[PDB]
């Protein structure tokens, strides 16, 4: 690999610079919340949790308390770990629950019905991380988000546009949702103030009673009732049984750099490492960014990875994922040897790889 560049005056694009702490997020308000937490003495995990709660208020498009995700943590001392707070399917979920009477998947059931939801893990994940790797109490990192929900914030271009474009397809179709995000028959517009009193109460109760409020308390009750009254599956038992799980990160080595990412239930870490393993066999620097050859090589490598993804990836607590084989450099080499820089291989000629010789 060639020398790295942190950026110089002659560049077209300049990074933001800081000497102490830094936060990068999709929302200015949330980013500022994180920076303020750092300035107050919180560590990276404290700030990360604060940002997560703030986005649950200022970026309802994706920030959330009702969804799930993953967290990668690396201490100054090198300790690297992954937090899995991915939703768990309800205990009553079944293999063919999304098939219609003809046996064909119904995307409406898996995307817009009450059956589309998995038991939320965000609150559990943030507390697992805060309790073990943070330094501040939950009420402290939740407070910023609480105030934003209670006192409100100004709707910007991003939120106004998303409410109009994506929100219009689902938000006005549910009374409680419409009461919060719609106004005078239309989605909130830029400049409007969005106050979320109910979310503020939920945040206040979580700050006061801990994550148990979400999984066993009033919030759990509200979720269970929402499901029970509208054909949903999440029950109080599902919520009480949810657990975030600390897992070993998936990692690899690319030209002397070590890459750490998410392990199953995510496919991200495995395929990023697998693809990098494949690319390592080529002089990528020589081809350069935006070159037909570099793009050809990567597009081809990506094909094999996604083919493998469709067959070998799943929740590790339910299926044995051959992660060792998938991230094996010899396996990657066998793939790289199939890449013709002058001729792409149709996906129809690509199937999940035979991992036996690498296990």
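Residue numbers count along the first chain shown, from 1.
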| query | finding |
| --- | --- |
| Comparing 223 to 231 with 257 to 265, the one whose average Cα B-factor in the PDB entry is higher | 223 to 231 |
| Between 310 to 318 and 57 to 65 (mean CA B-factor, as deposited), the higher | 310 to 318 |
| Peak C-alpha temperature factor (PDB record), options 150, 271, 236, 247 | 236 |
| Residue 334 - Cα temperature factor, lowest/middle/highest third of chain | highest |
| CA B-factor placement of residue 345, once the chain's modelled residues are sorted into thirds | highest |
| Modelled-residue ranking by C-alpha temperature factor, third containing residue 118 | lowest |
| Position of residue 84 among the chain's modelled residues by C-alpha B-factor, lowest, middle or highest third | lowest |
| Third of the chain's Cα B-factor distribution that residue 19 belongs to, per the entry | highest |
